[PDB]
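Notes follow once the structure below has been shown.
Coordinate-derived values only; no laboratory data. Every residue, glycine as well, gets a Cβ built from its backbone with ideal geometry; the counts of neighbours run over all protein chains shown.
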Amino acid sequence: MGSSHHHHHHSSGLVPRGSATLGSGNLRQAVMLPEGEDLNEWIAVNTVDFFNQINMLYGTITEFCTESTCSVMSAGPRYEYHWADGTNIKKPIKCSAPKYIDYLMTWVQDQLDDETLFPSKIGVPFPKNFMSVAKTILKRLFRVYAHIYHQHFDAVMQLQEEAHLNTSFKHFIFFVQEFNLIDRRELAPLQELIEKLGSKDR
């Protein structure tokens with residue numbers, strides 16, 4: 001009615017900071033054969049590296065994957081996901097991300113440690129066997145990678161470093177593109193995520 005006085009000042013928004021930076025240079029050499037090495041070896045060399053780099057960053061964000069939200073996966077005695085063979089492998093069972101991922105990284109991690117598809121001794125045919133086996137491995141590395149994007153994109157940011165996922169994607173594409181070994185529809189689900197993200201250079 002008369003002379004009243006009222007005021008309130010407040011503005012919160014303190015964002016935390018303190019992330020580390022990895023100085024990975026001379027990555028170009030890692031994209032193309034070293035000086036002059038065999039191709040069959042190159043493929044096997046980059047596989048362990050590629051899968052190791054992708055499998056490594058996923059281990060930090062994989063812990064984020066929670067809830068049944070995983071399109072339901074097959075795992076367990078009664079029903080489980082088997083590799084190599086493809087005779088009826090699609091049934092609903094209790095299986096989370098860290099669970100299905102295990103079988104994904106397991107298979108891959110196995111071959112990298114299974115002296116048979118790698119160069120060591122004479123026996124297995126690289127230009128025939130290593131190709132079929134390697135084709136199943138490469139497809140697995142990317143497939144699992146996308147998991148971080150779709151299944152838990154936010155999880156990437158929640159871990160401070162997010163550009164890492166996108167950065168590694170370049171080497172995953174540039175590498176296959178440089179040698180021209182791309183194929184399958186796996187490439188389809190790529191132009192979309194790139195367009196949505198955009199292009200930030202400056």
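Among residues of segment 125-148 that are farther than 14 Å from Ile101 by Cβ, those with a beta-carbon under 9 Å from a residue that is among the basic types (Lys, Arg) and loosely packed, with under 14 Cβ neighbours inside 10 Å at least six positions away or on a different chain give the pairs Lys139/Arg184.
Just give me the residues in segment 42-70 being more than 18 Å from the chain's Cα centre (by Cα) and not in a helix (DSSP H, G or I), in sequence order.
If we filter segment 42-70 for residues that are more than 18 Å from the chain's Cα centre (by Cα), which is where we start, we get 42, 67-69.
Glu67, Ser68, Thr69 - these are the residues of segment 42-70 that are more than 18 Å from the chain's Cα centre (by Cα) and not in a helix (DSSP H, G or I).
To keep it simple, each residue is scored yes or no on (1) touching a strand residue (DSSP E or B) at 6+ places or on another chain (Cβ under 8 Å); (2) touching a residue at least 24 places away in the same chain (Cβ under 8 Å).
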| site | (1), (2) |
| --- | --- |
| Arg17 | no, no |
| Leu22 | no, no |
| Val31 | no, yes |
| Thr47 | no, yes |
| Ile54 | no, yes |
| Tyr58 | no, yes |
| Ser68 | no, yes |
| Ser74 | yes, no |
| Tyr81 | yes, no |
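Criterion applied to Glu195, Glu162, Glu178, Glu186 was being charged (D, E, K, R) and touching a residue at least 60 places away in the same chain (Cβ under 8 Å), and the one residue passing it is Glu178. Against the list (1) surrounded by 14 or more Cβ atoms within 10 Å (Cβ to Cβ); (2) in contact with a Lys or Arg (Cβ under 9 Å, 6 or more places away or on another chain); (3) not aromatic (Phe, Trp, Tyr), the condition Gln53 fails is (2). Taken over segment 108-125, the criterion of being surrounded by 11 or more Cβ atoms within 10 Å (Cβ to Cβ) and more than 27 Å from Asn180 (Cβ to Cβ) is satisfied by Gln109, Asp110, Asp114, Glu115, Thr116. When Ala84 is tested against (1) on the phi < 0 side of the Ramachandran plot; (2) surrounded by fewer than 12 Cβ atoms within 10 Å (Cβ to Cβ); (3) in a loop (DSSP other than H, G, I, E, B), only condition (1) is not met.
I'd like to verify a number: residues in segment 87-107 that are without any contact (Cβ under 8 Å) to a residue 24 or more places away in the chain and surrounded by 12 or more Cβ atoms within 10 Å (Cβ to Cβ), how many?
Total satisfying the criteria: 5.
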